Amino acid sequence: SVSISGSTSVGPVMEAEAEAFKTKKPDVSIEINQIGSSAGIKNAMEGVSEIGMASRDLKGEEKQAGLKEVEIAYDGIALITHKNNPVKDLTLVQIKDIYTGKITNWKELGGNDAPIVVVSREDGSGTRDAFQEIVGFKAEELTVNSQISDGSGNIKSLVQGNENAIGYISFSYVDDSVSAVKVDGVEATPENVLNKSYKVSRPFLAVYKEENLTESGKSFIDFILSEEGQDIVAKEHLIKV
Ligand SMILES: [Zn+2]
Ligand SMILES: [Zn+2]
Ligand SMILES: [Zn+2]
Ligand SMILES: [Zn+2]
């Protein structure tokens, strides 16, 4: 009964939210399709979904379609490497140099003599948008040798599968199978996003048209914002608020 689509970064928390909400409102069903931020935003603009989930802010034109926004969490973006890469700390400008193809071998960062396998998300990813904005490069500048992975799960799998890969992903997906680098000497933790020392972060938004949001969908968003819903955000390695 409540259709939600969009961000892959938001998918794990939204699924957790839905299952917990099922105990509060058993007669509501929440349908979640993880297709990336831009597509979920467009589905909300077009009335295809009741709620869009985004992991970037709206563009002015998306806003103009009459979309309200509700911030449900903040989220860090980790730069992940394969486990046991000797490079454990990068400055934002080093990251920019990698993603624009200026630096191409891990030795240029003090690592192994090996080519860097640069991994980017697909066009329309909210993580890609925020990452590029913060690191400080345009889509035009992304190295032509970048692999493109479609969705959070795929970027993690690529990095898991290649010793020399580097990718970016929501903290929600980071586990012991990959290594998040320090950024500018700051560990990639929800605590350091909260205290503003970890610089790569972005909101999670639920977006909707007031005309389309049902009492069930409003209920669900209110639950996510509740004390219990915000504990679920924290458990998914996000930042409350
Ligand atoms: Zn906004
Ligand atoms: Zn390995
Ligand atoms: Zn609590
Ligand atoms: Zn976990």
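Criteria and thresholds
- Residues numbered from 1 in each chain as written, not as in the entry; some residues may be left out.
- Chains lettered and ligands numbered in written order.
- Heavy atoms only, no water.
- Salt bridge = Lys/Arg side-chain N within 4 Å of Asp/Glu carboxyl O.
- Buried < 20%, exposed > 50% of the residue type's maximum accessible area, 1.4 Å probe, protein only.
- Helix = DSSP H or I, 4+ residues; strand = E, 2+ residues; numbered from the N terminus.
- Arc of directions from axis to C-beta.
- Contact = heavy atoms within 4.5 Å.
- Donors = N, O, S within 2.8 Å, 3.2 Å for Na, K, Ca; no water.
- Axes fitted to C-alpha atoms, helices over the stretch in contact; angles between N-to-C directions.
- Parallel < 35°, antiparallel > 145°, perpendicular 65-115°, else oblique.
- Left-handed = near helix turned anticlockwise from the far one by under 90°.
- Pairing = 2+ DSSP bridges.
- Core = buried A, V, L, I, M, F, W, Y, C linked by side-chain atoms within 4.5 Å.
- Patch = residues over 30% accessible without salt bridge, like charges linked within 9 Å, V, L, I, M, F, W, Y side chains within 5 Å.
- Areas by Shrake-Rupley, 256 points an atom, 1.4 Å probe, with all protein chains shown as cover.
- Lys, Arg positive; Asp, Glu negative; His and termini not counted.
- Charge placed at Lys NZ, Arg CZ, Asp CG, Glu CD.
- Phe/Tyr/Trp six-rings, centres within 6.5 Å; stacked < 30°, edge-to-face > 60°.

### Structural notes on the pattern of salt bridges
Point 1. Per the stated rule, a full pass over the model turns up 10 salt bridges.
Point 2. The residue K240 makes a salt bridge to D231 at a minimum N-O spacing of 2.9 Å.
Point 3. Judged by relative accessible area, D231 falls into the partly exposed class, the value being 30%.

### Examining unusual backbone geometry
Point 1. Phi angles above zero are rare outside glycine, and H237 is one such case at about 65°.
Point 2. Along the polypeptide, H237 turns up in the segment after α9 (227-235).

### Observations concerning α9
Point 1. Looking at α9, one finds that the buried residues are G229, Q230, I232 and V233. Here the buried residues of α9 occupy an arc of 150° about the axis, which is enough to place them on one side. Within α9, the exposed residues directed more than 90 degrees away from the buried face are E227 and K235.
Point 2. In the core, the buried residues of α9 are packed alongside α1 (11-24), β4 (67-82) and α8 (215-225).
Point 3. Immediately beyond the C-terminal end of α9, within one or two residues, lies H237, with a positive phi of roughly 65°.

### Details of the coordination of the zinc ion (ligand 3)
Point 1. Taken together, the protein donors to the zinc ion (ligand 3) comprise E227 (OE), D231 (OD) and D231 (OD), at separations of 2.0 to 2.7 Å. You can see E227 and its partner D231 sitting in helix α9, 4 residues apart, about one turn around the helix.
Point 2. Taking the relative accessible area as the measure of exposure, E227 reaches 56% and is therefore exposed.

### Quick notes on the packing of α1 against α8
Point 1. Running from N to C, α1 and α8 cross one another at 110°; their axes reach a closest spacing of 10 Å. Here α1 is positioned roughly perpendicular relative to α8, judged by the angle of their axes. Crossing angle aside, the handedness with which α1 passes α8 is right-handed. Facing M14, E17, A18, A20, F21 and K24 of α1, the residues of α8 in contact are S216, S219, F220, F223 and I224.

### Observations regarding the pairing of β4
Point 1. In terms of burial, β4 is largely enclosed, as 12 of its 16 residues are buried.
Point 2. In the sheet, β4 pairs with strand β11 (residues 201-209) via 9 bridges, with the strands oriented antiparallel. Its bridge partner being in β11, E69 is matched across the sheet by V207.
Point 3. As defined by bridge partners, β4 adjoins strand β8 (residues 165-170) across 5 bridges and the pair is classed as antiparallel. Bridged to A78 within β8 is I169.
Point 4. Strand direction decides the pairing type here: β4 and strand β9 (residues 178-180), joined by 3 bridges, are antiparallel. The residue of β9 that forms the bridge with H82 is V178.

### Points about the nonpolar core
Point 1. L79, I95, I98, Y99 and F131 are the most contacted members of the largest nonpolar core, which has 38 residues in total.
Point 2. Looking at this core, the elements that each hand over two or more residues are β4, α4 (92-99), β6 (117-121), α5 (126-135), α6 (152-160) and β8.
Point 3. Not counting residues within four places of it along the chain, the set of residues in contact with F131 comprises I77, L79, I95, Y99, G136, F137 and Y168.
Point 4. Core analysis: the second largest hydrophobic core is formed by 26 residues, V10, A20, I221 and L238 among them.

### Some points on a negative patch on the surface
Point 1. On the surface, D57, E71, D129 and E133 cluster together into a negatively charged patch.
Point 2. Within the secondary structure layout, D57 lies in the loop between β3 (51-54) and α3 (60-64).

### What to know about the packing of aromatic side chains
Point 1. Evaluated as defined, the whole model comprises 8 aromatic pairs.
Point 2. Taking 4.9 Å as the distance between ring centres and 70° as the angle between the ring planes, the aromatic pair formed by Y99 and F131 counts as edge-to-face. Here the residue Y99 occupies a position in helix α4, and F131 occupies one in helix α5, the gap between them amounting to 32 residues.
Point 3. Residue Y99 is classed as buried on the basis of its relative accessible area, which comes to 0%.
Point 4. Taking the relative accessible area as the measure of exposure, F131 reaches 0% and is therefore buried.
Point 5. In this structure an aromatic cluster arises from ring pairing among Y99, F131, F137 and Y168.

Structural measurements only, silent on function.
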